[PDB]
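The chain that follows stands alone, in the form deposited in one PDB entry, written as structure tokens.
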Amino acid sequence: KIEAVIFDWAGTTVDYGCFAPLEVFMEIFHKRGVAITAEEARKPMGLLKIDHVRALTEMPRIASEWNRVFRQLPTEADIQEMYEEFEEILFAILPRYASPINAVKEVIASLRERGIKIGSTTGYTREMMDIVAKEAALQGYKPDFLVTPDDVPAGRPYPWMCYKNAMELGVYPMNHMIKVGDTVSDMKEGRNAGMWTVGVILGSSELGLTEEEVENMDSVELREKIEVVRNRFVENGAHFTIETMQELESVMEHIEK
């Protein structure tokens, strides 16, 4: 029944905990004397990078501190300067985050043996993806297809990129495909496309932890942050949720019944 699985990139396939963008947003502000925290930086993590910045700008705690430094509130010009800077820095360090999350590679290998096609969509622009995809392929991961917002009329949560994949992979109907992501938007997109939607937890942008803090966190404590997200997913359309990609072929087996 299931002939293809469509994977997201950041916090699903690579970039454990999806920090690259977080790391950058913090820098552009820190260098302006208005240092923000991972929480509020990740707070928006889900909309256009351009609008993501503007969001931080309108965050009362940040807005005030900005008006303290520059003796004035952010200007549409500032947003545009901070956005240009965001990209330049992101391009620069994107390679350092393009490593396949330790579990994933073997999983992909297993699915390909079952004759199951591998697709993918993303929030990163084609420019960014070129860089991310290149480093990931060297490091062992390369989907059969990839699409970015640039390829379509609009990115997430629209199902456009998902249809493009089905088109190229040659798979139909949409319920013969699974969408796997690490954020609310990933769930929306999956449903809007009429496909089986799943959500990874450990290493997601939602769980926001690094491999380090995960391997060295209080079990009880961690087993709780996992739920604030696993639940968070189902509350957005995830026909299912998995702590790790190691549970993927299992969900497939379930679905196919």
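Residue numbers run from 1 along the displayed sequence.
- prompt: On average, are the C-alpha B-factors higher in 186 to 194 or in 27 to 35?
  reply: Result: 27 to 35.
query: Quick one: higher average CA temperature factor, 66 to 74 or 228 to 236?
result: Looking at the record's C-alpha B-factors, the answer is 228 to 236.
query: Lowest, middle or highest third: where is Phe145 by C-alpha B factor in its chain?
result: Within its chain, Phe145 is a lowest-third residue by C-alpha B-factor, going by the deposited values.
- prompt: Lowest, middle or highest third: where is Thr125 by C-alpha B factor in its chain?
  reply: Ranked within chain, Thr125 CA B lands in the lowest tercile.
query: By its CA B factor, does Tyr97 count among the lowest, middle or highest third of the modelled residues in the chain?
result: Middle third - that is where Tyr97 ends up once the chain's C-alpha B-factors are sorted.
Within-chain third of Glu88 by Cα B-factor, per the entry: Middle third by C-alpha B-factor.
message: Which third, lowest, middle or highest, does the C-alpha temperature factor of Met252 belong to within its own chain?
response: According to the entry, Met252 has a C-alpha B-factor in the chain's highest third.
Below, we refer to the form deposited in another entry, which is not included among the displayed structures.
query: Treating the chain as two rigid parts that move between this form and the one not shown, would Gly170 and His254 land in the same part?
result: Yes, both C-alpha atoms fit the same part's superposition better.
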